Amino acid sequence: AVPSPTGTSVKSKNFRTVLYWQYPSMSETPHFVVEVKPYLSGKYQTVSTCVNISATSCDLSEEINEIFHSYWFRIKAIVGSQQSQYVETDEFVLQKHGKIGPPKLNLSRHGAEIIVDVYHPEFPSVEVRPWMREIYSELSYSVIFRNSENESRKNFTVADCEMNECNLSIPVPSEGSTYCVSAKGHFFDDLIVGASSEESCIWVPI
């Protein structure tokens, strides 16, 4: 009869979470309805922004406000008078399945001290997602300091940064060489670890 959606997939990066699926070719234009099951109720409820949509994707970022609890989602296809049944996604848990991309890293220097500005432009404002404040209070960045020639390596951590924009002043050992730096985001120490940024390098005179 009228088939259900297929190839369902939940992708979450930088707290943008989107559900995708695929659907066969239809003379009439298929429409979909997506439901979410939060952990508190353990009951499926309608995702308001994804009712009778023609798109094969749905933004879930607003339906998700628990990082440690599980969510399930399902989709059904509507074609003319008929409907399919719901197809259900794998269990979703932000802390487990959510990715954190590379931070924006800006490298500069005041004399012999290297300055590192790092953050994620993509992160939702707390004013817009208030439940998020609790998560940001556990944000920190790990910084890897690399001397391309003499070879040395060092590790730094920074946290409790205003508006999630972290800064760090690093005195260079010594001191007529090039240093390169990279960074990663961390939530709750190592519960959530992000991807490394590519290296930014900088020269330092004597």
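All residue numbers are counted from 1 along the displayed sequence.
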### Message
If you take the mean CA temperature factor per stretch, which one wins between 76-84 and 130-138?
### Response
76-84
### Query
Which of the two stretches, 187-195 or 20-28, shows the higher mean Cα temperature factor in the record?
20-28
### Summary
Per the deposited entry, the peak Cα B-factor within the set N52, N167, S70, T56 goes to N52
### Query
For the listed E122, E113, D117, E91, which has the peak Cα B-factor recorded in the PDB entry?
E113
### Query
Looking at the C-alpha B-factor of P3, is it in the lowest, middle or highest third of its chain?
highest
### Query
Which third of the chain does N65 land in by C-alpha B-factor: lowest, middle or highest?
middle
## Note on the structure
The third of the chain into which the C-alpha temperature factor of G176 falls is the highest
### Message
Based on the deposited C-alpha B factors for this chain, I'd like to know if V143 is in the lowest, middle or highest third.
### Response
middle
## Note on the structure
Here the Cα B-factor of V34, set against its chain, lands in the third termed lowest
